[PDB]
Structure formats: C-alpha cells, structure tokens
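Spelled out from the first residue to the last, the chains are:
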Amino acid sequence: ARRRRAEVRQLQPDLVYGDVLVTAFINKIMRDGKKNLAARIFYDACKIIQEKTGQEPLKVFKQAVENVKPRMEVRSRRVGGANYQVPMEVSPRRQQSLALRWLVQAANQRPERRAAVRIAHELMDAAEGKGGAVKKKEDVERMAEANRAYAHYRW
Amino acid sequence: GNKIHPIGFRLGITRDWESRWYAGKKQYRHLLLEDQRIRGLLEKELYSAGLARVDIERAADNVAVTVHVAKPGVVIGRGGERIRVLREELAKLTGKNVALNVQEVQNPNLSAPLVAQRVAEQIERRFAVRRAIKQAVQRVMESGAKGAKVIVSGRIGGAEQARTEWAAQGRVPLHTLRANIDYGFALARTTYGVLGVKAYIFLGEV
Amino acid sequence: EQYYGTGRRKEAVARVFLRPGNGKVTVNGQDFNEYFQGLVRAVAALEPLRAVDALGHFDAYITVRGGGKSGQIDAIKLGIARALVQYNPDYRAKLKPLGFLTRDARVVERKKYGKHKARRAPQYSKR
Amino acid sequence: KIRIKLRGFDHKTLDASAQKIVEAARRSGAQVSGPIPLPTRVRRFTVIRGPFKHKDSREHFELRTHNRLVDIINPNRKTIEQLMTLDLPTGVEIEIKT
Amino acid sequence: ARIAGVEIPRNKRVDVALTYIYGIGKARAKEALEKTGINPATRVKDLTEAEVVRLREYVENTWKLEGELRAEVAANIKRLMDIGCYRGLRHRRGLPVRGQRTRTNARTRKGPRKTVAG
Amino acid sequence: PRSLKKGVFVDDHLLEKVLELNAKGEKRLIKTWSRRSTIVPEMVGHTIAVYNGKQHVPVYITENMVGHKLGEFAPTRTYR
Amino acid sequence: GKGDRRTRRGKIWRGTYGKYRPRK
Amino acid sequence: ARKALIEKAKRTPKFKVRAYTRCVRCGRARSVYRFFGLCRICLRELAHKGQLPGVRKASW
RNA sequence: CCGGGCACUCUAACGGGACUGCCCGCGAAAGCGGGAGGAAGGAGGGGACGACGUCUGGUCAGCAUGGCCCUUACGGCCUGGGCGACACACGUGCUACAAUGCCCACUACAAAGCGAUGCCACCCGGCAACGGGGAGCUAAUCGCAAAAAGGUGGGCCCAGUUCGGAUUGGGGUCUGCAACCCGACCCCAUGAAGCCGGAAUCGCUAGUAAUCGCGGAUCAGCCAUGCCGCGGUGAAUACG
Ligand SMILES: [K+]
Ligand SMILES: [Mg+2]
Ligand SMILES: [Mg+2]
Ligand SMILES: [Mg+2]
Ligand SMILES: [Mg+2]
Ligand SMILES: [Mg+2]
Ligand SMILES: [Mg+2]
Ligand SMILES: [Mg+2]
Ligand SMILES: [Mg+2]
Ligand SMILES: [Mg+2]
Ligand SMILES: [Mg+2]
Ligand SMILES: [Mg+2]
Ligand SMILES: [Mg+2]
Ligand SMILES: [Mg+2]
Ligand SMILES: [Mg+2]
Ligand SMILES: [Mg+2]
Ligand SMILES: [Mg+2]
Ligand SMILES: [Mg+2]
Ligand SMILES: [Mg+2]
Ligand SMILES: [Mg+2]
Ligand SMILES: [Mg+2]
Ligand SMILES: [Mg+2]
Ligand SMILES: [Mg+2]
Ligand SMILES: [Mg+2]
Ligand SMILES: [Mg+2]
Ligand SMILES: [Mg+2]
Ligand SMILES: [Mg+2]
Ligand SMILES: [Mg+2]
Ligand SMILES: [Zn+2]
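Residues numbered from 1 in each chain as written, not as in the entry; some residues may be left out. Chains lettered and ligands numbered in written order. Part of a larger assembly, values for the part shown. Heavy atoms only, no water. Residues with missing side-chain atoms left out of burial classes, pairs and counts.

If you check the header, you'll see the entry was determined by X-ray crystallography and the resolution is listed as 3.3000 Å.

Put into structure tokens, the structure is as follows:
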C-alpha cells in the first residue's frame, strides 16, 4: 500500500463463541476455500479440548494465542552495502497474524493422525507453554535481542 | 495498434447496420454472401456516380436495395435504362427478383466515403498530398461539419519512406459514443504503391 | 398474519414468509436442519431474529433457489430481515447497525481474455 | 388461441411491432394478454484482433435474438381486418400457429 | 495363505491382498471373491482353510498368472520384434510404442536423462 | 490394445492382384502404394514391394505376419 | 487422481462414461 | 489463399471427409466460422463495417 | 399435476435512484475526514474504450499491393510419406507426490450456452465404450443433464499404499474410403518416476488468490491438459 494506509478487514464473528479471533483461526485453517471443513476441524478440536481439560476451549485458545504472540522480531536492512538483522518491536496485528499462522503450521507438524487432534494438541501445549509455536516465538525473540547491537537501525 | 473502427464502435447508438434483416442459422451465411455479392457488383459499376452507402433490407425473397449516391443522374441513365440494366444484373445474380431504390446525398462533402474517394482520386492524379488534405478538410468544415479529419498513409508524394500527413481541424471526439462521426475509407492505386485515405466527419452531439 | 421478505445474495433468492407460530422453519418442504446441518454457517440465517431476540414468535416458510447453499443462507438472512422490518418499522433502528438489511453486492467477477481466471495473469519466465 | 412468436435482432423494432399488433387487435378483438419477454438467445464470437499472433486481445462480439409472445386470445373474425397486412418493421420474422 | 503361486499376502483385506497377485487387479479380485462367496472385508489371517482352498481352486486355473503371464508378454514382444514390425522396432530401440512424441518427455521409456553438449 | 471394426478392411487394389497371382502361380515382387490395407492369409508366401514414401521395400510375408498392415513392415523415417 | 481411467474423477475429468461411472 | 485451393468448392470432392470449409471472401482455410462462412479477419472487418445485421460489440 | 390466478421469483423493454444533496469538523476555494439517511456512496463493482508518437516492432503466409523473379516449371493433378523424426535444452500447462486425503454408496443447491442428415428422454442387449428400438423437441414448455467440491454413512490407517496412473501386453467400440506411420474412447492385466522440489523465478489486494465442476467456438472424429466464457465454496496480507 503506497497511496492509502490499507485499513484492516473486519471479520464476521464466530457462529459458536462470537469471537472474530476464532474466525481468523478458522480462515488460517481453511484450505482451497473449504470453510465447512476448517470449521469441522476446529470445532471437533474444541470437543477434544473438553473431556481432556475441564476448562472451556475458548479460554485455552485465547491463552495459547497470547502465549504465542512475539514481543520483538528482527527484520533485514541494507546499510552501507551490507545486510543486517535489525531487531524491532511488533505491532499487535502482526503479533496476532504470526501467532495464528505459527499455531496452524506447528499443529500440522504434529504426528497426530487427523487434523482435529493436531489442532487440539497444539492448542493445549501452547496454552501450557510448549509446542512448536512457542519454540518459534522463542527463536524469533532470540534472533531479535540477540542482535541488540543493531537497535539503532530501528527506523 | 489502436483506434478501432468508429462505425463498428457506434453500431449500437448513432449508427445503424447497412444490412438489416433477420435470418436463421441455416440461412444467415447465404443471405450474407448474397449481400456481399450485391455490394461487390454495385461498387464496381457505380463508382463513377459516387455511391456512399448501399443499404440492404430483406423480408421474404424481396430485397429493398437503397443506394445513396451524390449524383443520381448517372445511376438513372438516359430515360431510366441504366437502372433497368442494373436490376437485370441484380435478378441474374440473385434469383430473388427484387426492386431497387436511389437516394440523393445532399452536400456530398459531408459523407466521409465520398470525401475519401475525392482525396484518393486527387492522390492518383499526382496532386500535392498536403494541399489535397488541407483543401478537403476545408471544404468539409466550410459547410456544417462541426469536426473534420483526413489522414493519408505512407509513400506520400511517391517518397521512398512511408509517412502520415495529419492536417485536421475542428472536433473529432472518437471516444465519445454519441459523437455521430461519419467514417470513410478509400484507396489510391499508384505506380509506386498503395495509399490509404481515411476520413472522419463529426456532426451532431446527441 | 403474514410478513414477506425477499433477500438476495450472490445470485440466489429466498422467499421468506413469517407467520406467528412455534418457531420452527420449513425450507422447500424440508426442515431447516435437513437442508442445513452440514453447513456450519446455517445458524447465521436466523441472526435477524436473534437481533430482536424473538426466536419463538415466528414460524418461517422459505422457498430458496439460486447459487449455492451458502449464498442461500445469506439470502435467507436478508429475507428474514426484510420481513421482520415489514412487521415493525421500529426494528430498522435495531437492524441497521448490524447491517442485516444491507444487500451484499459481491458477485463473481467476469472472466477476461488474456488471463486465466479474470485476473490470474499467465506465468512468464523471460528466460 | 393463436400462437404468435416474433423474433428479431432489434428490441425496439420488435416492441413497436408488438404494440402495433396489440392496438390493432384491441379495437377488433378481445382483451389481449400482451407480450411475453421470451428470454434472449445470445451467441458470441471471439476473434483475435490482429491478423498475426497477438493472442491476448480477442475483441469478442455478440449477436442477440429477441422473441415476443403476443398470443391473442379469442381469435375473433373481426380482428384480422386490421391485421395480416399492416406492418412498418422489416428486420422482424413472425411465426403463426394454431 | 499361499494362493496362485509362491506369493503369500497377509494381514489385510482379502481383495487388497489378492491385488498383490501379478495377474490380478482390483476387478479380478472382486470377481474372484464374488464368485467364491468370500467376504472381502475379512483379513487374510481370518480366512478358513476351506476358503483358501476355494479361492486357490478358482484363481489357480481361471486366468493366466505370474509365470505364464510374464512368459506370454515376453513372447508377444519377442514376436513383434521377430516379425520386423514397427512396434518391434520401437521395443528394439527402447522408445514409446503407442504413438507418443519423443522430442520431449516420454522419458519413462528412455530411462534416465543422458544430457549431452549443445 | 488395437482394433478397427467388424468387417476388416482390405484395399481391393492388391486384393484382386494377389488372388490373380494365386490363380496361376507365385509371380514375383508386386508393387503397392496401399500400405493401409490389412494382411490376409491368402497373401502368405508372396513378396510385396511396399512404398515407404521414397522407394519400394521388398516385404516378404510369412505366416506370423497375418493381421498387421503393410506399413508396419515398411518404415518411413530414417534415424541414425 | 483425475488421471486414472478407472475412477469416478477420471471419467469426469476426461468427460466420458463407463464401468467406473455409469448413467444410473 | 492460393487460387488453386479455391477448388475447395467442389460437388465431387471424391470423399466427405476431404470436404473442408474456407472463407468465401478472402479464401482463408483456418479460423473459418461456420455461422458466417467467413474467416475471423473478414468477420471482424465486415462486423466493423456494419454489414452483419444484429452483430454488436460485446461488453459485460 | 389439474382447476386457477399475475402477489412473489424469473424473464426483457422503459424508468426511477447518488449529486459531497444533508449534518459536524477543517479549508481561501477545490476538496478532505467522519456521520446520518439509503440497497449503494465519496470512481459502488466490472467491461467496452487506450492521445501526438515511439519500437525502420509484426504480418506481402488472411487479403490488398509497387518492384523483382518462375512459366512445358518456383504453375497444376494424384498416390504415399512428412509437418508426430530424438543424444539433448528451454517456455507454457496438466496430473500428482496424499488422512484438511483416497474410495464406495446414498443424497442437496448454479449460471452461461448448444441442439433437425441435430440434441437424443426412455426401453432392451452389453461389465462397459456402444448398438438396436424409439418418445419429444422449428425448442423459458423437449434434450444435452450428471453439476463437482458439499452433506450423510461405510471402507482404507500412514505403507510408495485402496497415494500416484506413466509404460506396456491383450481384448474391443466409434468416427471415417481408410486409424501402420499417426485418432479418441471402453474392458482385463501391467504398475513407473514421484515423500512438496537447487540456484533462480511467477501470479494475485476481495469475491481477488486458491480450489471445484459446467459450456462453447473450430470439428466426421480427435491427441483440448489449449483457448474463450460460466457459476459453486471462498482466504491471507499491505508497517511502510
Ligand atoms: K516501421
Ligand atoms: Mg514453524
Ligand atoms: Mg471462479
Ligand atoms: Mg487491451
Ligand atoms: Mg497384481
Ligand atoms: Mg469386429
Ligand atoms: Mg488411483
Ligand atoms: Mg493469392
Ligand atoms: Mg476436415
Ligand atoms: Mg405485476
Ligand atoms: Mg416487484
Ligand atoms: Mg473514456
Ligand atoms: Mg525489420
Ligand atoms: Mg522480421
Ligand atoms: Mg505444428
Ligand atoms: Mg511420434
Ligand atoms: Mg538425435
Ligand atoms: Mg550423433
Ligand atoms: Mg525456447
Ligand atoms: Mg442393463
Ligand atoms: Mg414451463
Ligand atoms: Mg467417513
Ligand atoms: Mg498403488
Ligand atoms: Mg523411488
Ligand atoms: Mg507417505
Ligand atoms: Mg490492482
Ligand atoms: Mg467437439
Ligand atoms: Mg473441455
Ligand atoms: Zn476471410
């Protein structure tokens, strides 16, 4: 976006919990435009959250998403002819986007058989502070703040 | 690689089809070929008269061929035998046995086909091309004709290099759908090559 | 007695008839859950009623045809909204912020020459 | 009970001829049921612009055929007086059946 | 068990197991299990000795199988080559036989890609 | 995996020729441009010169060649 | 997938009918 | 469009399959529309000249 | 389906409708930001449309055409071959490498088109391609027709396999005078590479991308996975 500021899209709230974040996670699960399939996957994963945890799956979901959100990332910058890994903070929208994308991608890296089990296990492990998504957050917050010497290249 | 045909661009509004008749899919091509032969034989014989348009209408085995000529005295002949011979050839080519009509064109300098034909004749007589275009545009503009433009293609004056002389004045809004721009095209067959003559005449707004 | 709404979404129409009853819906002679229930967004078609929190004051007879069942669901939503507005105009001030009476004009964009699907330019390599 | 199927390429011409038939049949026949749209038959033609390769322009045209369904009820013997020879239009074909 | 050759499928559905016979696909496996009156859903280890004898009795001599099948295909190709036919020439050069192009892919008949200079 | 139809087609150009040869003997090379014709059993033993587009190749027909076309034994292209 | 002659999607892709895709 | 090939018009093409279609105007062999009997180029030209009734530019 | 009627849906002609008109803030103005009302606004979305000219751009092989050249052959007819040749290289695509999947059964919604030496309901034979019979349809009224992903149930249980259908053997159908070179399709058998792709590189900002099927032009048939259109489901992201 060069001329305008590219205002953010407003998603429809969830048909079950009424949360737009749930709908965004559905969309990140969606594949080839199959909305009903992704909804089946996520709601069956929520049915897996209960009977495995006494907590409501909405709380576990939100807490996992909060545990995956990175505080600082590292972007590349061309200075003096060289390329440096400059650390800088992360806007909340990018935090949410990276969190949901990492959750889906780490869930599909699990050895679980079907997708609902993968998403449910990833959500639970991320809510309790482990899994591939938390590893991604730790790696990003390691790369960033591992190159603190470039903090003056913030821009 | 631009500038599509204005007549075809305005066939919906401010321009009607020359052939206006209905025909099924099993008969459209045959009547179309017949109209093409009609226009072919017509434009080969009436060129000395200066025909600008040949309208063809069909209802049932009857064709109302209306030829718009600036000089009907040539197509009529002495006492009307020329139109008799033309209808004879018409009935010989097409066994439909149809009639024929002639319409005079007032101020032929307002019909772009005849303007282009005049410019092409002048080019064929070895006349100054730039002066020919300027004079033609002036004759068009000097009688109504809110806009005018005449274009002559390469080999201007018999030169070795192809050129394009512009020489236009008035208003020619080609992108305006309601422009009502009469368009005409003519050829000049010379000893050195082929000259394409295009004529745009703008009149009326709505 | 009876209140009618048309609604339309992505080339789909859904005649919505609201007659005061128990709260059960019929669509093309089938139950609301025998056409739906395999489509998660189906409940959204009943969102106008939840907008006024009636949910039991109107039986619905809906005749839907056109597009796919999702556009049909949204057309049912708009038809219920229109019939509910015709019932009482004061409901408009309650339905306009939710935009249930807003017509969704998103239509499949026409395919164009030179591309693959109306925008997908053919891949080139230049070498 | 007389089937009338009008067909043509111009909607203005077909509409004017249909209104002419309706007005010529009202004064001499019964209550005419008016014309029915009879949806258009569109046939398109895609043709490359240039005579050479130039594959991605294609400038397609269309040819549409419109139809009309006057279908006068009560074929009174006075109706055909003002009918069966009174017509301005040219590029319009008429189909008549019992 | 051992049916229609020295091959033994095991521990899966009987039709899928018979797919592991060289002369048998899914159609012939379904036909055999249908004419033999055997449930295709049962596993191999869940087959009766009588059912195995029945399937063996049917399949062993109802179509041509591994040994005779491979020998007959080799004999067909050998006959095409010995008569000097065009298909025999295509088999002789290791090229497509069924009218495909060779300026391009159809590499699966030519083996690996032997790149040269140019 | 090939077949044409019931009523196998054979070009009647050489069909009468081969039987006319059989009616009196075993005459030598015959020249035929009709490579589309199908081999019939009454041709076994003769030698047909099939035109491959440039020349006539002396295709000798044996017993195991029945059913094929003449062009299958007259290659048209040259490679290596 | 869509390239197997002996499947439903194969017949649908190749636009034909047969043993693996009847006409009811 | 060679003149000899305009022999396409033939009451005795010796076979039905050998009978193909050509453009009646310019003698073209390829891209010959069967509805008009013309090729694509003559189609575009005569459509621009308005000599094809009912033919209009498409846009939607 | 009949009686029955033009309310609704649809169909196709015309017309209305949005102009920063209104409100608030800013501003010299144009206009900008927000809001109300509205189906929709700040170009509502998409086409058609692409200036003086540039590339001595492309095509005399669509046609026209100056010049040059051939005229018992550089013209003309025919048979056959060739344009489909394969040690290799690249471009554009199609199908995949699977469980958000595959298969079987049942079942539910679309738009745009095509159809008389045509589309072919339906009945019978055939595993089938298809054949025989034969209704309707000058076609909003009959046919192509089944839409597919989808839903419901069941099977497969992570293995080059119920993934993937290349290759090849055999047996057939149809078009056509004729399928060897060199057609499509059906059936049995065969079961390849392929486990998400190096350097590098492409498309797309919303009903878009992605994915799913449907039709058409040319065409006897067809190598169409192409091209032009049609609708179904339907994202992610834009700090700058
Ligand atoms: K130039
Ligand atoms: Mg990761
Ligand atoms: Mg689409
Ligand atoms: Mg363009
Ligand atoms: Mg096997
Ligand atoms: Mg046979
Ligand atoms: Mg398969
Ligand atoms: Mg010529
Ligand atoms: Mg042909
Ligand atoms: Mg009305
Ligand atoms: Mg109305
Ligand atoms: Mg404009
Ligand atoms: Mg050059
Ligand atoms: Mg060049
Ligand atoms: Mg070629
Ligand atoms: Mg080849
Ligand atoms: Mg080589
Ligand atoms: Mg060599
Ligand atoms: Mg290249
Ligand atoms: Mg049967
Ligand atoms: Mg009806
Ligand atoms: Mg299941
Ligand atoms: Mg396998
Ligand atoms: Mg391998
Ligand atoms: Mg695997
Ligand atoms: Mg853009
Ligand atoms: Mg076809
Ligand atoms: Mg196709
Ligand atoms: Zn032409």
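There is more to say after this.
Caption draft 1: Up close: the overall build of chain D. When helices and strands are counted, chain D shows 1 helix and 4 strands. Each helix and strand of chain D, placed in order from N terminus to C terminus, yields the pattern β-α-β-β-β. Taking the principal axes of the C-alpha coordinates as reference, chain D spans close to 65 × 20 × 20 Å. Counted over contacts in chain D with a minimum sequence separation of 6, partners at least 24 positions apart contribute 77%. (Helix = DSSP H or I, 4+ residues; strand = E, 2+ residues; numbered from the N terminus. Contact = heavy atoms within 4.5 Å.)

Caption draft 2: Molecular detail of the overall build of chain F. Of regular secondary structure, chain F possesses 1 helix and 3 strands. For chain F, the α and β elements follow one another from N to C terminus as α-β-β-β. Since a compact globule built from 80 residues should have a radius of gyration of about 12 Å, the 13 Å found for chain F is in line with a globular shape. Counting only C-alpha atoms and orienting by the principal axes, one finds that chain F spans roughly 40 × 30 × 20 Å. Counting every position in chain F, which comprises 80 residues, the buried fraction comes to 35%. Residue pairs in contact within chain F that sit at least 24 positions apart in sequence constitute 45% of those at least 6 positions apart. Taken as a whole, chain F presents about 5800 Å² of accessible surface, with 54% of it coming from carbon and sulfur. (Rg over C-alpha atoms; globule rule 2.2 N^0.38 Å. Buried < 20%, exposed > 50% of the residue type's maximum accessible area, 1.4 Å probe, protein only. Areas by Shrake-Rupley, 256 points an atom, 1.4 Å probe, with all protein chains shown as cover.)

Caption draft 3: Structural view of a nonpolar patch on the surface. A cluster of nonpolar side chains, contributed by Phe185(B), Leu187(B) and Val194(B), occupies part of the molecular surface with about 290 Å² of accessible area. Residue placement: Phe185(B) occurs in strand β7 (residues 181-189). (Patch = residues over 30% accessible without salt bridge, like charges linked within 9 Å, V, L, I, M, F, W, Y side chains within 5 Å. Salt bridge = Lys/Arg side-chain N within 4 Å of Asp/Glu carboxyl O.)

Caption draft 4: Representation of the interface of chain H and chain B within the structure. In this assembly, 19 residues from chain H lie in contact with 19 residues from chain B. Counting the surface chain H buries against chain B, the share from its top three residues, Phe35(H), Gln51(H) and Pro53(H), is 36%. Between chain H and chain B we count 0 salt bridges in total. Summed over the shared surface of chain H and chain B, the result is 5 residue pairs in polar contact. Going through the elements one at a time, α1 (40-48) and β1 (55-57) of chain H are the ones with two or more residues in the side of chain H that touches chain B. (Buried area = accessible area lost by both parts, 1.4 Å probe. Polar contact = N/O pair within 3.5 Å; in protein donor to acceptor, adjacent residues only side chain to side chain.)

Caption draft 5: Main features of the pattern of salt bridges. On inspection of all chains with the given rule, the structure shows 41 salt bridges over all chains. Salt-bridge contacts for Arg2(F) lead to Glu72(F); the nearest nitrogen and oxygen are separated by 2.8 Å. Residue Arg2(F) is found in the segment before α1 (12-24), and its partner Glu72(F) is found in the segment after β3 (56-60); the two are separated by 70 residues along the sequence. In this structure, a network of salt bridges that share partners links the residues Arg9(C), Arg41(C), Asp74(C), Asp104(C) and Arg106(C).

Caption draft 6: Here's a closer look at the environment of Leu69(E). Within the secondary structure, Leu69(E) is located in helix α4 (residues 66-82). Between the C-alpha atom of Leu69(E) and that of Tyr86(E), which follows or precedes it by 17 residues, the distance is 23 Å.

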